[PDB]
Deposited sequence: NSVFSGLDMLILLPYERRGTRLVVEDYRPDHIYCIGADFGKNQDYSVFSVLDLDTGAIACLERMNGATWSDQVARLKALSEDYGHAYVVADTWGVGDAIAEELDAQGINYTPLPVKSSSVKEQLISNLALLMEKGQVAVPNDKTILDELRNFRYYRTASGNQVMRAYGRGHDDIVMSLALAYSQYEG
């Protein structure tokens, strides 16, 4: 891939399906986690749980055709399940609507509105560099790998963006 020149170094994790969740590891209370969150109607929302101690994705949740409140409900549940993992949320949409609903549901988040190509490239370039270094590990799932393999800046990229938002927190 032109953007992800380090695709061969991506670590491919075994996982168990649990509905909309791909689960690599259950919550370890001795580890700290964050979540990268992208929001979609028939477009997908994707929430990626990163173990900040290992640098590996512990869980990835993906859904479409779910109502706005159900999406936010799933995000709240996933955060809570991994120790109220803080959420790096793409809050860019109509007004402050996304942030309002996250604040109203008590979700622990940091806003990172992907409002321009500069912000998108900042996130994707970081993911790509970590991947080159062998530091990105994701569930070995066809849908995830296809989005990464077929990624172009200008054909869904919601998984890519969610992963990039999570890995923005990893040194």
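Gaps between the deposited sequence and the modelled coordinates occur at 41, 156-169, 187, listed in sequence order.
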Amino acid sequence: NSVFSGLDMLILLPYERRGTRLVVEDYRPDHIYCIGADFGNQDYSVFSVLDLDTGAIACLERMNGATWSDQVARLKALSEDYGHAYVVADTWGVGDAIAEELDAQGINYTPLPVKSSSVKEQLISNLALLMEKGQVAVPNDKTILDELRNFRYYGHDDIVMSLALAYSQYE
From here on, numbers count along this sequence of modelled residues.
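Of the two segments examined, 93-101 and 78-86, it is 93-101 that shows the higher average Cα temperature factor in the deposited entry. With 138-146 and 119-127 compared on mean CA B-factor from the PDB entry, the stretch scoring higher is 138-146. The entry assigns its greatest Cα B factor, within the set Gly55, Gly36, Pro113, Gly40, to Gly40. In the deposited entry, the Cα temperature factor of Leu7 sits in the middle third of values across the chain's modelled residues.
In this PDB entry, the Cα temperature factor of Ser69 sits in the top third of its chain's modelled residues, the highest group.
Sorting the modelled residues of the chain by their CA temperature factor places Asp51 in the lowest third.
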